[PDB]
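Take a look at this single chain, the form deposited in one PDB entry, given in structure tokens.
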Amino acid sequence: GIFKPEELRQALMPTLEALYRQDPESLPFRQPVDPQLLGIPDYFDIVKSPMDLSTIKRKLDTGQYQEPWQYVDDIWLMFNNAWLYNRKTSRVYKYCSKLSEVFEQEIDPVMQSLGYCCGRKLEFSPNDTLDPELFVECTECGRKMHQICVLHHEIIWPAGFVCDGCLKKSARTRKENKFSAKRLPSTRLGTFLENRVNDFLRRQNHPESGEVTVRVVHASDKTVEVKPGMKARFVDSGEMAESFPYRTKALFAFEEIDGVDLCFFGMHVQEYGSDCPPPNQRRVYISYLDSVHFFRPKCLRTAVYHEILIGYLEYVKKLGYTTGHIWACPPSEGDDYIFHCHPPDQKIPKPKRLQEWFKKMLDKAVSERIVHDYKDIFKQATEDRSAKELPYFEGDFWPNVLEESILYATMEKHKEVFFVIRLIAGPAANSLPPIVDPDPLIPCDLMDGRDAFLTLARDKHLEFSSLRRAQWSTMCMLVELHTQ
């Protein structure tokens, strides 16, 4: 036992009286449902565990609740029975919804006064059913708390969870989390980007901004093989190379928010080096860009994205990559992209908004004299003067759509989607030294393309749907990156 029974009764009884005072919303909930009297004989075929305010009052008054979550569980059983049995458009359904809003406001401050994370009944995002959020138990006081509220990971703290209350009471502080973003192995690329971001943020000197970390978490050597269609026409003759080698890299940016890691940006790139045959030579392809919109302050979010993306273009330019490519079309309605379960209010941008966003960033990159020029693939193709000449990237649009044929008219209708970004133009691009990546390979199967991370996130309910859930998913993804 944690609580003297009378203490639990005095704390919780006012939240029950708050529901009882709601008239008419509590009237269907004050007494056990009597299916005969109400003419609803199928009630007990649908509702296996009836619950009502008078039963909860008796359990409270007789000391039947040993800890407050058993009370919260009975309140939500009552709400869920009503939402299950009654139609969404029915009076009882709407009364139930109103009572659940009254309960959430009342129970929050009570559960926090009793030393709990919150008083919320929490379930994951959407076989008609939702998975419940997990609890951990303080080894010192025995209070149960949301795993995600207190960010307790068994790998980081194997001896068990100790709540803030028990740590203060014993003049102790939580053992440092060494599975941090900052402690991921550093790369030259990562250091360059993060130094750019933090320099900008220090110039703004805004009180809300946290330190940013940028880490390369995957680097491996791959090959894209030419598809059979285009292999027939161009490769089979010996006119075009059969496969193009590249380095695939994955990087993430993390911000300190409320003193813990938050992963807010993700990037996959394909890097076609100087020993890669034309027409891919000295080209970089940004496969996927994703974000979780919790960057603080929100007034500097776009500018921080600019520092990372303009920074990457500056870094590859200096090494001797001439051209950048971005496939600027949104993901399809149903595809998570990099981060599983975005906030519902982080809307996939419309094509026009996405194109305009990328245009503004590249204009900044022109002002800084990092980008020479940028145009749609149509103008750049006209200006370069066959289909053999098209840069051919793993998982890109053009290798797919060129199979549908087996070009000129197709580019014009999809011109605004494909940005070509000139980093090095003219004679400067003729007599460059070899491209030598000063960072080693980083083997990491989890970050080998975007699917392994999406699979882990689905399997373990690592959502980025709220700040608190994004903070847990960041902590979990960092433990996995640290223990490969």
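Throughout, we count residues from 1 along the sequence that is shown. For the two forms, the rigid core is made up of the largest set of C-alpha atoms that agree within 1.5 Å on superposition.
Enquirer: Going by the PDB record, how many residues of the deposited sequence fall between residue 406 and residue 407 without any coordinates: none, 1 to 3, 4 to 9, or 10 or more?
Expert: Gap between residue 406 and residue 407: 4 to 9 unmodelled residues.
Enquirer: In terms of residues present in the deposited sequence but not modelled, what lies between residue 385 and residue 386: none, 1 to 3, 4 to 9, or 10 or more?
Expert: According to the record, 1 to 3 deposited residues lack coordinates from residue 385 to residue 386.
Enquirer: As stated in the PDB record, which stretch has the larger average Cα B-factor, 346 to 354 or 232 to 240?
Expert: Mean CA B-factor is higher for 232 to 240.
Enquirer: Test of understanding: from the entry's C-alpha B-factors, which stretch has the higher mean, 78 to 86 or 300 to 308?
Expert: The deposited B-factors put 300 to 308 ahead on the C-alpha mean.
Enquirer: Pick out which of 130, 212, 366, 167 has the highest C-alpha B-factor in the PDB entry.
Expert: Out of 130, 212, 366, 167, the record gives the largest C-alpha B-factor to 366.
Enquirer: If you check the C-alpha B-factor for each of 142, 278, 119, 259 in the entry, which is highest?
Expert: Of the options given, 278 has the highest CA B-factor in the PDB entry.
Enquirer: Would you please rank residue 267 by its C-alpha temperature factor against the other modelled residues of its chain and give the third it falls in: lowest, middle or highest?
Expert: Middle third of the chain for residue 267's C-alpha B-factor.
Enquirer: Going by the recorded CA B-factors, say which third of the chain residue 434 sits in, lowest, middle or highest.
Expert: It falls in the top third of the chain.
Enquirer: Rank-wise, by C-alpha B-factor, drop residue 199 into the lowest, middle or highest third of its chain.
Expert: Ranked within chain, residue 199 CA B lands in the middle tercile.
Enquirer: Using only modelled residues of the chain, where does the Cα B factor of residue 115 rank: lowest third, middle third or highest third?
Expert: Lowest third - that is where residue 115 ends up once the chain's C-alpha B-factors are sorted.
Enquirer: Using the B-factors in the PDB entry, rank residue 107's C-alpha atom against the chain and give the third, lowest, middle or highest.
Expert: Bottom third by C-alpha B-factor.
There is another form of the same protein, the form deposited in another entry; it is not shown, and what comes next is about it.
Enquirer: Which is the one residue in 237, 139, 113, 173 whose C-alpha moves 2 Å or more between this form and the one not shown, relative to the superposed rigid core?
Expert: Spelled out, the residue whose C-alpha shifts by 2 Å or more is 237.
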